[PDB]
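Below is one structure, written out as structure tokens, with a few remarks after it.
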Amino acid sequence: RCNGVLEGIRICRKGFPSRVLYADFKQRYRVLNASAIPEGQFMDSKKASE
Amino acid sequence: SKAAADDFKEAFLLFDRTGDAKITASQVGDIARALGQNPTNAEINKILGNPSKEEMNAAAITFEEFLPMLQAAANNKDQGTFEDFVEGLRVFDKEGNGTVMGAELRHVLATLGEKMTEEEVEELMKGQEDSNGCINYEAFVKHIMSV
């Protein structure tokens, strides 16, 4: 607490902590709406995840 | 429900080789597929065992057990989505055209997951793959879903 560690986590969590790289995003989650998420990821590495 | 489809009972008389109106437990997987149901073989296996039914020892059947097992498999037909079948094979080969190289689909269908014999794999590629060694899976999955 006194370190700043817990305060850096706070400030993080306000922002957007976890940030996924797009391919790293495709592969792992395509399966969720498999048809429409796979198409997206393949069709545009980025546009896909979108 | 009947909609009472009495043609399921008439098809049981076409698969029972003894004519006694019983169908062995080893035929129930293939006859659920012939009535318009595609349960995976592990699912057919589980359900069986789930009910303390051993497919290892002699089996008989009665229509009164085969009817409710077909009705328990009939809810799982919502898993048959063709978007995921064509997108599976679209992730299996590069470039923007739906072609699997011959031996890639034959070795994957025989050795990956539920083992399909290479005799059945050759009977499913016969006609859709020409001598270029490239299977167009847009028409291949269309013809596989025509039966």
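Heads up: the protein sequence lines correspond to chains M and O, in order.
The first sequence begins at 696 in the authors' numbering and counts up by one.
The second sequence begins at 3 in the authors' numbering and counts up by one.
Cβ atoms here follow ideal geometry from the backbone N, Cα and C, with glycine treated the same way.
Item	Value
Buried versus exposed call for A34/O [16 or more other C-beta atoms within 10 Å across all chains shown]	buried
Amino acids of chain O, ordered along the chain, whose beta-carbon sits closer than 7 Å to that of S744/M	Here the premise fails: no neighbours, minimum Cβ distance about 15 Å.
Contact list for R92/O against chain M, beta-carbon separation under 9 Å	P733, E734 and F737
Chain-ordered chain M contacts of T101/O [CB-CB under 7 Å]	Near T101/O there are no residues of chain M at all, since even the closest Cβ is about 15 Å away, more than 7 Å.
Closer than 8 Å: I704/M CB and nearest the ligand SAM heavy atom	For the ligand SAM, the structure offers nothing, since it holds no ligand at all.
Chain M within 9 Å of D86/O, Cβ atoms only	yes
Reduced DSSP secondary structure (H/G/I, E/B, other) of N47/O	helix
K24/O in three-state terms, based on DSSP	coil
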